[PDB]
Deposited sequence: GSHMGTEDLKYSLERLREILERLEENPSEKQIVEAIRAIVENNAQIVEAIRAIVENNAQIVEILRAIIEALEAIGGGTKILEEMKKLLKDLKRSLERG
């Protein structure tokens, strides 16, 4: 269901190992399918986690930009130019949708 955090990944991962145990001991077609249904369900929760992390990175970028502005308004420099370069580069290579 709705994603609550990384602990969701653990509970689906550990349940994934439980299904694997049943598989190695008592193989069966229905069980191979069961394990695949579980992997899918596990992957859908991994995507949500990565999605949320990507949005967090985007928000962090905006905060870093505002910090640069505040630093420029306060102290007016070489380091400031260096930071803006990194932020530009990060903006260019940022993982997004």
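*Asks:* List in ascending order the stretches of the deposited sequence, numbered from 1, that lack C-alpha coordinates.
*Replies:* 77 is the sole stretch of the deposited chain that has no C-alpha coordinates in the structure.
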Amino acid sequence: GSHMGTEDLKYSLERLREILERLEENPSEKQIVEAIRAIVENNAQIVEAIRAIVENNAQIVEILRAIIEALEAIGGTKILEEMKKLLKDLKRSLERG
From here on, numbers count along this sequence of modelled residues.
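*Asks:* Output the stretch having the higher mean C-alpha B factor in the entry; the candidates are 25 to 33 and 62 to 70.
*Replies:* Averaged over C-alpha atoms, the B-factors run higher in 25 to 33.
*Asks:* Compared with the other modelled residues in the chain, in which third is the CA B-factor of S93?
*Replies:* It falls in the middle third of the chain.
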